[PDB]
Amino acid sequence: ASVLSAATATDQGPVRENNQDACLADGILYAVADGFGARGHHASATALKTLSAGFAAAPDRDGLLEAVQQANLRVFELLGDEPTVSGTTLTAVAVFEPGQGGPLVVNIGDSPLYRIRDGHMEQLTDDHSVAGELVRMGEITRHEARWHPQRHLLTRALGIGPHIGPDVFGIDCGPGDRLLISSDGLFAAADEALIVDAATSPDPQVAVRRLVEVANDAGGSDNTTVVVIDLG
């Protein structure tokens, strides 16, 4: 697997007063960060700026994991003394060559990574939210979790303490696969079938536009940000 094509889109949506999502798509590194709190936009932007500088200076598995740690520390040092809590999720994919261990995902919070293969979209990451933990534990299905009242309550977040333990795992993927990283806004309310239809648009630049349109037409209750990566 190498990168054939990639695209990104971010949209405030019609409801939220600002856009606190951020995204990154540079070389082999792709990421979404969904900020929260009064300065969530400062948190997501700061996390991705820190991730990208850290990875650029050490572009391997260890360098990536360390950049994630530095992003946590930088957002925390900047925002940690504010009267209220702001922080961010982070989901990052590094499309490493085989000599570097192949594609790797690092995730903290509820911004999912999906693999799209033969028209079928499968979530690869676990969601660190109250509902997401119930799914992980096998207590409820993803369908049953859809309208869980604590769906949006994070159980892990970047930038809120000196200590973060992200999930870090190798991606089962190869030539012809598509990866999608998104903030949770995409799945706020839209019909899953309409999402999959948009997510499978052959041109990734069309896919990201259609994904934002699907989320907004479904009500646009949240910011939506999407990164689409085609592998060859």
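Sequential numbering from 1, following the sequence displayed.
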Of 73 to 81 and 116 to 124, the one with larger mean CA B-factor: 116 to 124
Mean CA temperature factor from the deposited coordinates, higher in 125 to 133 or in 97 to 105? 97 to 105
From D167, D34, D62, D203, residue of greatest CA B-factor: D62
Just grab whichever of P149, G87, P162, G138 has the top CA B-factor as deposited. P162
Going by what the PDB entry lists, where does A188 fall on CA B-factor within its chain: lowest, middle or highest third? highest
Using the B-factor values recorded in the entry, state whether the Cα atom of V226 falls in the lowest, middle or highest third among the modelled residues of its chain. lowest
Name the third of the chain's ranked CA B-factors that contains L179, choosing lowest, middle or highest. lowest
Considering only modelled residues of the same chain, in which third does the CA B-factor of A25 rank: lowest, middle or highest? highest
Looking at the entry's B-factor column for C-alpha atoms only, identify whether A9 ranks in the lowest, middle or highest third of its chain. middle
